[PDB]
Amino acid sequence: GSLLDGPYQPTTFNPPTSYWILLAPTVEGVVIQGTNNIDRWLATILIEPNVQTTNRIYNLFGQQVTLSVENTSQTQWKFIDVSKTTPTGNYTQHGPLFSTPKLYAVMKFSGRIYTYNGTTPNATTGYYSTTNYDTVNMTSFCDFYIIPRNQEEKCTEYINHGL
C-alpha cells in the first residue's frame, strides 16, 4: 500500500518524529521497548487470549522483570504498555488495547510517546509525556512498518481492521 513503508526487520533505532511505527507481532511477549535514559522507560507486552491473572517474566531492557498480567478476553489479544519513571522503580500498566488484527503502533510526537488503546475495531490513542522525547531510541522485537502522522486515520484503520 502507498501509505505503508516496509516491512522492516526487528531493530534498534531512533524513530522519526510524527511517524507511526506499525508493529506486527506473532507470539506473546515483549513487542517493543524504548527509553530516554532520564525518567521514562516504556515497553509494550502482548498477552494471548484467555489468560487468568498470573506472574510472567519479561526481558525488559536486558533484565528479567516479573509482572502480574491477565487477559479476560476469549477472542482478542491484549497489548499493555508498561512504564517506570525511575531506573530502580516498578513498572505500572497502562493503556491496554484489546485487538483482533494483532497490530500495534507507537509514535514520538510533541514531547510524548503515543500508542493505541481501547478495543478494536474502535481503538483510540493515548500518550506518555516524555522528557527530551526525540532522544528516545526504540527496539522493536517484531517486523514493523512506517506510516506518517498526516494519515493517522490510515494507521487507525490498520489497527482496527488489519492490513
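All residue numbers are counted from 1 along the displayed sequence.
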Where do the C-alpha atoms have the higher mean temperature factor in this entry, in 151 to 159 or in 10 to 18?
151 to 159
Mean C-alpha B-factor higher for 66 to 74, or for 95 to 103?
66 to 74
Choose from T54, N117, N36, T44 the residue with the greatest Cα B-factor as stated in the PDB record.
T54
Taking the C-alpha B-factors as the PDB entry records them, is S129 in the lowest, middle or highest third of its chain?
lowest
Position of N90 among the chain's modelled residues by C-alpha B-factor, lowest, middle or highest third:
middle
